[PDB]
Amino acid sequence: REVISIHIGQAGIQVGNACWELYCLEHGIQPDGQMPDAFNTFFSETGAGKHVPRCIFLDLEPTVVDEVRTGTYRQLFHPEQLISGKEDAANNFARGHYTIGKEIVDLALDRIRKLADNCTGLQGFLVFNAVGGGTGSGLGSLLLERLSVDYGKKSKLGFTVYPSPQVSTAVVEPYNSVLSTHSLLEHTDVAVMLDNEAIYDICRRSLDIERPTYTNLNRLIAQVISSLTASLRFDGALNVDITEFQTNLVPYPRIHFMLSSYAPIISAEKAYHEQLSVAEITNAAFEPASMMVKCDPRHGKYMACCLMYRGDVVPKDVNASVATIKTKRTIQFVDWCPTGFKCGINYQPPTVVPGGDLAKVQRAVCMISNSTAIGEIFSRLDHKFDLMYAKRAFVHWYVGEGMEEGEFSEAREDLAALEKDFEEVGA
Amino acid sequence: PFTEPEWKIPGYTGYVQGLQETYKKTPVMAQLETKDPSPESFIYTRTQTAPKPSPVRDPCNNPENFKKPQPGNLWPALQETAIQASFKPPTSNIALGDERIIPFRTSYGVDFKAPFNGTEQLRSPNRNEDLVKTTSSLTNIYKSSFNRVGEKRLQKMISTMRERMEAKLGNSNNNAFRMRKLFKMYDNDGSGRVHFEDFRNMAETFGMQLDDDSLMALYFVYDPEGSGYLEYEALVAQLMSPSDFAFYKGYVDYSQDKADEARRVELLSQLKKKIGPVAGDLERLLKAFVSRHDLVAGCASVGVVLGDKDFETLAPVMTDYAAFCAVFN
Amino acid sequence: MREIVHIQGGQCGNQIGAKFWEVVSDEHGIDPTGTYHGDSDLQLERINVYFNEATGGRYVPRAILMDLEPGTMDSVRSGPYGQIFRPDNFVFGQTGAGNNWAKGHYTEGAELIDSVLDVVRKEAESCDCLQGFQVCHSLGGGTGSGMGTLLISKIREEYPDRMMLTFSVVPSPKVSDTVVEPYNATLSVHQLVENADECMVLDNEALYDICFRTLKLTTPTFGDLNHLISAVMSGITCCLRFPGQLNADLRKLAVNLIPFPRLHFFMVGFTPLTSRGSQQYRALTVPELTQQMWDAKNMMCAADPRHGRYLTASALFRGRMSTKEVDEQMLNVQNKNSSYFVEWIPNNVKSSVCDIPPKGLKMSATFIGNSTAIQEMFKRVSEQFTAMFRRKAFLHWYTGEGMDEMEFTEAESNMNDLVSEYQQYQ
Amino acid sequence: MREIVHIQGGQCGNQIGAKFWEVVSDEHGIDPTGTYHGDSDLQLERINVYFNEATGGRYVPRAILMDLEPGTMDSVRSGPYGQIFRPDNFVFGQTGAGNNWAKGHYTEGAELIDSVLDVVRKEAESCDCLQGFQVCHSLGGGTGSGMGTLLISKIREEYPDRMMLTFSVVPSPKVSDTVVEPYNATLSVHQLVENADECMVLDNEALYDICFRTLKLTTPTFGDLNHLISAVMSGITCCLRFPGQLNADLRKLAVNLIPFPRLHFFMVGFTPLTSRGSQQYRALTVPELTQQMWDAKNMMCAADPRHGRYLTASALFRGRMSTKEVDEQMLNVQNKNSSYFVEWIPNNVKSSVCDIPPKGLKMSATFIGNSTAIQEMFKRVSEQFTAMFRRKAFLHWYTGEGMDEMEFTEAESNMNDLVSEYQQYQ
Amino acid sequence: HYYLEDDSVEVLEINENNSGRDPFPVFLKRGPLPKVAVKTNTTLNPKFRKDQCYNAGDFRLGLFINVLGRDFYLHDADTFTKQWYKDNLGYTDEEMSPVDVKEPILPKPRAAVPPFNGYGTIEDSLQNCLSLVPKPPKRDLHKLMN
Ligand SMILES: Nc1nc2c(ncn2[C@@H]2O[C@H](COP(=O)(O)OP(=O)(O)OP(=O)(O)O)[C@@H](O)[C@H]2O)c(=O)[nH]1
Ligand SMILES: Nc1nc2c(ncn2[C@@H]2O[C@H](COP(=O)(O)OP(=O)(O)O)[C@@H](O)[C@H]2O)c(=O)[nH]1
Ligand SMILES: Nc1nc2c(ncn2[C@@H]2O[C@H](COP(=O)(O)OP(=O)(O)O)[C@@H](O)[C@H]2O)c(=O)[nH]1
Ligand SMILES: [Mg+2]
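Judging from the entry metadata, cryo-EM is the method by which this structure was determined, and 3.4 Å is the reported resolution.

What follows is about the pattern of salt bridges. Pairs can form between side chains of opposite charge whenever their charged atoms are close. Tallying each qualifying case throughout the model produces 56 salt bridges over all chains. Close ionic contact of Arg282 of chain D with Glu288 of chain D constitutes a salt bridge, the shortest N to O distance being 2.4 Å.

This part covers a nonpolar patch on the surface. Residues and elements named next belong to chain B. Together, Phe289, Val290 and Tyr321 make up a nonpolar patch on the protein surface, roughly 300 Å² of accessible area in all. With respect to the helices and strands, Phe289 occurs in the loop between α13 (279-288) and α14 (292-302). The class of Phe289 is partly exposed, set by a relative accessible area of 48%.

This next bit is on helix α5 (residues 143-158) of chain D. All names here are of chain D. Taking 1.5 Å of rise per residue, the 16 residues of α5 would be expected to cover 22 Å, and the 21 Å separating its terminal C-alpha atoms lies within 8% of that figure. Burial runs high along α5: 12 of the 16 residues are buried. Taken as a whole, α5 has its buried residues at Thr143, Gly144, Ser145, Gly146, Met147, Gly148, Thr149, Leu150, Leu151, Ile152, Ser153 and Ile155. Tucked into the core, α5 has its buried residues touching β1 (2-9), β4 (63-66), α3 (101-107), α4 (109-126), β5 (129-138) and α6 (181-195).

Strand order in the open sheet formed by 3 strands is β1-β2-β3 (chain E), and the pairing between neighbours is antiparallel. The open sheet has two free edges, formed respectively by β1 (2-3) and β3 (26-31) of chain E, since each of these has just one partner strand.

Before going further, it helps to spend a moment on the nonpolar core. Counting 172 residues, the largest nonpolar core has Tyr175, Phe257 and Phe394 of chain A together with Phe265, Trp294 and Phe378 of chain C as its most contacted members. The element best represented in this core is helix α13 (residues 373-389) of chain A, accounting for 8 residues. Contact partners of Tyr175 of chain A, with chain neighbours within four places excluded, come to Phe385, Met388, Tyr389, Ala393, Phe394, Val395 and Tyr398 of chain A. With 65 residues, the next largest nonpolar core counts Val5, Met66, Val91 and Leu117 of chain D among its residues.

All names here are of chain A. Inspection of the secondary structure assignment puts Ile4 in strand β1 (residues 3-8). With 21 residues separating them in the primary sequence, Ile4 and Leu25 have C-alpha atoms 18 Å apart. If we skip the residues at most four places from it in the chain, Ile4 touches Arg54, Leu115, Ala116, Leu122, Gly124, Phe125 and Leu126.

So, on to a negative patch on the surface. The grouping of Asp295 of chain C together with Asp88, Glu111, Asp114 and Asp118 of chain D at the surface amounts to a negative patch. Following the sequence through the fold, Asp114 of chain D ends up in helix α4.

Here we take up the site of ligand 1. Neighbouring ligand 1 are 21 residues; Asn91, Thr135, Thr169 and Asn196 of chain A together with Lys252 of chain C lie closest to it. The environment around ligand 1 is built from residues contributed by chains A and C. Here an oxygen atom of ligand 1 and a backbone polar atom of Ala90 of chain A are 2.8 Å apart. Here a nitrogen atom of ligand 1 and a side-chain polar atom of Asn196 of chain A are 2.5 Å apart. Contact with the protein chains hides 93% of the accessible area of ligand 1, taken as 640 Å² for the molecule alone. Only α1 (9-27), α5 (134-150) and α8 (214-233) of chain A provide two or more residues apiece to the shell around ligand 1.

Conventions adopted
Residues numbered from 1 in each chain as written, not as in the entry; some residues may be left out. Chains lettered and ligands numbered in written order. Part of a larger assembly, values for the part shown. Heavy atoms only, no water. Salt bridge = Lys/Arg side-chain N within 4 Å of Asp/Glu carboxyl O. Patch = residues over 30% accessible without salt bridge, like charges linked within 9 Å, V, L, I, M, F, W, Y side chains within 5 Å. Areas by Shrake-Rupley, 256 points an atom, 1.4 Å probe, with all protein chains shown as cover. Helix = DSSP H or I, 4+ residues; strand = E, 2+ residues; numbered from the N terminus. Buried < 20%, exposed > 50% of the residue type's maximum accessible area, 1.4 Å probe, protein only. Expected span 1.5 Å × (residues − 1). Contact = heavy atoms within 4.5 Å. Pairing = 2+ DSSP bridges. Core = buried A, V, L, I, M, F, W, Y, C linked by side-chain atoms within 4.5 Å. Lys, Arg positive; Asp, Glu negative; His and termini not counted. Charge placed at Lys NZ, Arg CZ, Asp CG, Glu CD. Near = heavy atom within 4 Å. Polar contact = N/O pair within 3.5 Å; in protein donor to acceptor, adjacent residues only side chain to side chain.

Okay, structure coming up:
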């Protein structure tokens, strides 16, 4: 029961680089490629004493990939699963979606197909991309497009690094974000936001890191990924495969935008003193101060929730905790769905990455929720996009790449349509 | 755990010496960074690194600064040369930081170290664990392996590996980096020794595909001891072309000084050629006589011309007629 | 991999080219004899951008020095790192223009730029995938401005798909070296506004005031000015030469800083810059860098941005850093002084990080600001050009060579429409 | 956490600061070369209050030097503990005022204040949580009175929500240092009562008898007077840097000290003071330390505190003591001479106890007096003003640079009323 | 400066042209050097007796002076000082000899002249690498005519 991971852009590679490091650490795989059956979903067993991942990095700049190639995990990722072009897209959906894609995407497509074919019980695809940068956004949408027309029936779970509301690293981020979402809407099955200010404050607040960097974020992201794929990876009292996410969280073909939260986010100094029970960690996974997305579900209404539990969890207590959450009216549900919970339990408690900050824990909870704060988020993005578009800025870049204002107009109205959709479903 | 009074609470607002230099690290691990630092961090290099000397920027080396300058003659008649010394363009020396900072510590290299004490060994898939069981008389294993392979086969192996290394770096302006990917890059303790499974691994990263029996033959040749370490500087010189071997070496001296010493060795070798055959009678004549002016008479009488340019080349050799004719022998 | 070909024009271009190749030889650890002397292997993987291997570990630069007078060539081969340049790259005439843009653009070009085009084309196709071209020259002198300008025209007409950086020194009225600074500045800028991709304005006024105030040197020579702009150029090419947490190539910087094809004039600053007597007393922290960077007295142009507005901005951070304090400082400088930015674009600031600081330094930053305060500089040049053209001073040494008056008129119209559009976006 | 900014203006205020940073840098245990050499860790706990680690442990004091004549910039940097002040923090004029309040507040104040406003403001954002400000300057000088009080007015406008501590020397009738004392004294007082939150006035005649009669020094040079003042100033901020049973920060002082916004002119006192001839013949106990506090010969102001009343006061103790002994010692002195305290207030005196006595002792205190006998000072200076003002003597130096008589008329108006309200309550 | 009048010490800092240092005339005030660590009293700046302070007999031209923690290595002296030491402290001529605080600087590599390509003659070929603009070689017409 295997899943094939794909990572796009400067972000995608780094997330995968931390994600795969965690995977090798969990299954007990030395960075040389082998140990000193649960790994079957990630590490194909070639020959003898070898474990190669069903992963692909793809990028237009050769810097970060070559770094990966010559780093510590040189023997692990074999040199053909890491696609690297010759020049980046440089924060431009158009250069990414039409010029450079037409030479990179075919090789990526012909490579994943033989990876899928060597796999046997493929469960789906798991994509991590960044829509803020050109390399991810444009080429990512292009890859998903070719992915859909090829297979279609297989699931595609998409974890995307949107722009943060106030703090930003780029300028043409709104253009690239909207140009990505106009196709991200109809191609991705379940979308999940991973904003960056959200995690900055979380790491600052909980793990009291004064001056963090992306790697702390990448490690927390990888922790999220492992905690939600644990069900496929290990055995539990009540597991759920990836086909269950969309079944229990996607009530409509175009309403798929999940919010992620984790608990407990506790460093070693606070771990010794904090009594960690399933109650408070289930409570903590509901605060707006503990979400991977900069939003406020207070202003919104939950649509459906999914709770993954790892570690020593008796199903009596998780049942008790979901019941007291349901009774507490600080959060309010939709009426379109009275019983809006899905649960999943796995025995394997999380692992500790030497060089991380999260102490070893008995139990952990990962919450995935659907709401309307996402529709609030998209509009807040839309406002400032039009602020810039009204003056026809930076558009000479895009029309020079070869595109036209028509795609701009269609993306603006598609966001508007999604806006009206989310407002309506909220009632 | 860290329970001593020196380690502080995470919610600590008091001052800690050197906490504005830490990053991406928890407070207690940050307090560990300041007191017992790792080599990678700046707190380590500010305390336990020797200072690099930039002697050209030192004001002490200029001796005219100790005294105030005193006036000399500036009369046009009371002069000896009519060309004042031309002012040299002053060198662009602006100090921007301490020279101790070795800046080459990439983020990935710090975040993604081999996260255990035994994983940086990086073994190969195909390896003979019996050979790492330090079995007795490794030299016998070398001798047996070499007698099983035959010497003519290693010549074929080095030749075909020469063909492969020649075939690898086709054309790029980064071909030297891949050449260093053989041994010197993934290497610490720059003493050029390589163990056998590490050698097999670095070989298979490039595509040599050596079986252990052929591998231990190379070691009987290039390491006739029980040490089991290889000096790759002697080895890769045969695989590489001499024009590109310098790229792998990294540093070759093209100095005018080294050229002049190569000139000096050539002159002394030519003069050794000159006095060589006639050295046998010169010592008998010199003992039959020592001054340099007398040496001219001896050397000219025996048959070799000896001049001023000969004495300047021989000045570094001697000052002894005995050791003189001996080094000529 | 991604390839940068360097071009230096005129006496100034030669000198700043020498210092730039000096600091590049330093940061890649190659000796003054052309052999590697470094220790870490991070340096060998990205020397392809600036050096070509020849024989026995001899990396020679991919540069073209261009001039008309042999004195500059003697100055090049006199100093250190002067014997690492290939003699075929010293394309060089014999006569000398002498502050005449017409001699710089019609007469001596006809016999020089042909050979220059030959050597740059051979040097273009010697490598595979260009990133673009980098040019450093003057606008007041003749043999650098016009010749390099015609070269800029010819390369843009052959290869439009490559990037183009222009570090040009503009005159200031107090540090007023030549008389015909306007006659050659306007004609150069009138050409590069259609040819050049983006430009980085330099001048000696702000730089002198920086060495006085912030560096406290009593008698700084041009060489120290060259070393500062040399640090600037290394800071702008640092991304392609070293890995990091968030890379930003030259195309990335252009697309994040140029919102309109005629709005391509930036302002440049550099940090940290403190006297060596004051090196010991201050800390090295992100706000400590940011406060020096956003200050008005640190720009390398004679234009106070507080008299104008910013369109866009960019910051390149070198050294192991904390991205959180990077972008929170950027957010704070963007929020506190909110009146000094444009309104219809949120998030005007691009930021990047490479994990390698320059040698001897711990943590640095390079700033590129597209502001509208540059129109004050062009206005200052326009009024003087009008002042002269009102009654036709010095004109005949131009019209007697092939130029005519409508060249001046179209130059004045271009600059005036440019300063009006800059004032409009303010 | 809380951070103090120290400002040294004038000739007087400058030298005292040099003596201040000696006794402070001594307690926290940093040595004249800038390296920390304390033993305990109760010293590093609050080193940020007065210093910043720069790099290499070189702790630099957070203080601004400010003057107009190059003489003091030597006599500060040269003296011991002179190699720690940041060479950037030597913002500095060029001409010198010379006892003229006009030149120090209207002519040079035009081109120097924004220069000294630069570094001060900068240093404000350098630290995280400003505790307040703290200035040392004269009231009879030119630069200390002009450029000091001018900065005082300016900084209150930028930071209204911070404290203000002014350590000021005041003139004395017999020991007349300058001839225009009553001018520059009045013109600063009319400036201080609106901006300065609490003014700790000092003098010299009251310190000479302290050095001569208690300390029994025969040659009481300025190195001794400035040492006493350096002791009191450090005693004020005791509780910000060390633990204690009953802490009292800067504002906790002002709330118990200022009943009306304009009655805020304190007198200060320090204990225990004995010559080294009789150090070991006396006992050091709270019963004994106190009778040295409430003595009249032990104030640092030439105003016999018996010629008025005490509105309020405060006693800051240091070293391990028994609070019950403090509170009853402060009680008996409040009851036995009850005719010296004001009747419409209970608990005239606040006591506070830190937990670390100063280096060189084992138990110390510091007396701070908001008594109304301080009006006898302003009487002397005000009535002198009318004596000169009736004759307009020395006026044309003042009205020779922009000032007008009307300002002088208000100094009378302002002074005469605040000596009224003092007198209203006695 | 050691003032024989008051046995006080004054350390003047000398400045180099285009140094990174702000000009400050004096480096240490004219007060007698402590030479020892004294338990300071907060009230009274310490009174230092002559025995505690440094003396002219302590400077020995090769010793280290603990000036407030800084350890200055004195390495020379003026003619009057040398004469005074010989006159009054009975020093020998050799003690007064200045010690050299000098450190060498190494030259730059300055790559050699290339070995010749076997096409021209040595002399006509050397010019191409010697200079940029090639000059024809020079002959000994002095010996030719003679
Ligand atoms: N959380 C997190 N965000 C990242 C990481 N790496 C990059 N990003 C985000 O990615 C955005 C920039 O996009 P990039 O991935 O660097 O660029 P790109 O998508 O490859 O497109 P180009 O730059 O044009 O090549 C920044 O705003 C970062 O916030 C990461 O490792 N973790
Ligand atoms: N910063 C800097 N400016 C220079 C240098 N050399 C010349 N300049 C400037 O260049 C201008 C004159 O350039 P010029 O030599 O006439 O250019 P050319 O005649 O075309 O080769 C003057 O304004 C100088 O200030 C240098 O080494 N550094
Ligand atoms: N206690 C004390 N007072 C001083 C010192 N130096 C100067 N003064 C006083 O300062 C007053 C003169 O200040 P002045 O030089 O005019 O200040 P400025 O000219 O404005 O900088 C005199 O009344 C002195 O008593 C000192 O070191 N200690
Ligand atoms: Mg990218």
